[PDB]
Structures are given as structure tokens and as C-alpha cells.
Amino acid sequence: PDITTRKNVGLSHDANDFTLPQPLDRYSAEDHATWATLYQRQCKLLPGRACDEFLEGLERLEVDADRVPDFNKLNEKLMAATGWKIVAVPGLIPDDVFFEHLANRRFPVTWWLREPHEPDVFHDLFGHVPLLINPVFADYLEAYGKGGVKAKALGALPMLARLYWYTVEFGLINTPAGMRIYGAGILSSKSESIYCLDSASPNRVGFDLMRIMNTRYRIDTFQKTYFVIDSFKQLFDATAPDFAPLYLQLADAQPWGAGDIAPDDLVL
């Protein structure tokens, strides 16, 4: 039995949107201490690494440093800033429900936390949610959600997911102060936060819609390529055109491997 099944023994979910109210009972003191340790460790590590918008979202959303946050209390601030809410889910959900959530400004957050010794509540909430404070990033995510139906209609969801992976989960952003991180999967990771900026090993490549959507990724370890945007506005702009011809042109195409450099990459 996996972590999700194990964590969810005895609980339920809405039949339509796979949400539940956050099971606030069921958090044990060990959950709060684990949350606090993880939060603490990231907060000491992230200055001069996370983009400023991330660190600032933690503050403005008052993401508890010493316990798993109350989703509702967080939603009060999140709704007021950008019209988004978080919804508690049991873990991985059907993609149809996920896109529909994002299209509706609901951000699905796994309710449970890893054990001290899968996306969990730390990755989903610490990693993803602080950035929903940035209106352009907030709109990009909504646009992404809506983009689900066209990609589904075209059998191109894997191409859309690569885009999401390489921006929302593992995106880097170039600033006048140097490279910073906006990808949630990095930001909730001690070692990957270090690696993605410090190491000479991974490829660091200028964002390019078509290349990203034709690029495989790594699910069990650090990424081998990171894609770098100039701003949230550039990212929103570049992802505003009709994706339909892009999806069709890549239909019979062979994808770049997670570690490839493409002939026309802007490499760093």
C-alpha cells in the first residue's frame, strides 16, 4: 500500500471535484514539527535563491512557520489578493479535475505531509501557493488550467504537462541580481534549490515554448535541464498564442531527452 492510500485510510472526497475539507484532526504533533523543520530549513536556504515574489508571498499569505497552515485562513488572504483559493485533495487527482480546478482559480493541495524519516502538503502549499500572490503568475495558472481542454481534445496533454513541469514545477527566472527560482518542486527541496543554481552540471536554457513542449523530464531525481524566463510577463505572453498548430506539428516528433541541448537553445 502506497503513501496516498495509507494517509487517506478512513477519509472521503467530493465525487465531482475530488476535494475534501482539510482533515485538521489527523495532523499529529509530529506533522506540525515536520512542517516547522521543513519550513525553517527552506527559509534559511532560500534568500538569494528563490525569486523575491516567492519569499514575499509567504509573508503576505502568512504561511505558518510552526504548523501546517489552516487552508481556510490562508484562503481569506489568497482570495483577497488574487481571487485564488486552495482546495484540499487526497493526493494525485484525475487531470481533468486538476485543469478544471486551475481554470477556476482553485489550487489543489495534497492535505497530508511526508513522515520525518508524491507531492505532499509541503510541496503543494509551501512550494506552489506563495507565488499565486503575483497577479501575472496567477493569470498564467488560470490560462494553463483552461488550456487543458484543447490539449485533451488534441491528445496533447503530455505536451502541456511538460510546459507546466518546466515552468510551474522547475522554472528558473533571470533577474538583474542573477538567476532565481520560481519552480515549486525546487523551492520545496533543500538539495535541488542548491543544485539548480550552484552546480555546473545541469543545462540552463532560455525558455522556448515549442522546445519545452517537446522535452521529456525526470520524475525520480533532479532535472537535468532547467528553463529560464526573463519575467512572469514574458511567460504569460509567450503562452498566449494558439497552441493547436504547435501540438499538431510535434505530434509525430521525437522528444528531447531530459538532458539534451537543442541546436537552437540559448544556453547558460
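For every residue, the number given is its place in the sequence shown, counted from 1.
Across the other entries compared, none leave residue 69 without coordinates where the residues on each side are present, so it is far from a third.
Modelling of residue 221 is complete across the other compared entries in which both of its neighbours are modelled; not even a third of them leave it out. According to the record, 4 to 9 deposited residues between residue 117 and residue 118 are left without atomic coordinates. Checked against the record, the higher mean CA B factor of 207-215 and 23-31 lies with 23-31.
The PDB entry records a higher mean C-alpha B factor for 85-93 than for its counterpart among 123-131 and 85-93. Within the listed group 167, 104, 193, 72, the record reports its top CA B-factor for 72. Residue 228 sits in the lowest third of its chain by CA B factor, as recorded in the PDB entry. The PDB entry assigns residue 49 a C-alpha temperature factor belonging to the lowest third of its chain's modelled residues. For residue 149, the recorded CA B-factor ranks within the middle third of the chain. Only modelled residues enter the ranking.
Among the modelled residues of its chain, residue 200 has a C-alpha B-factor that falls in the middle third, as given in the PDB entry. Ranked by C-alpha B-factor against the other modelled residues of its chain, residue 80 falls in the highest third.
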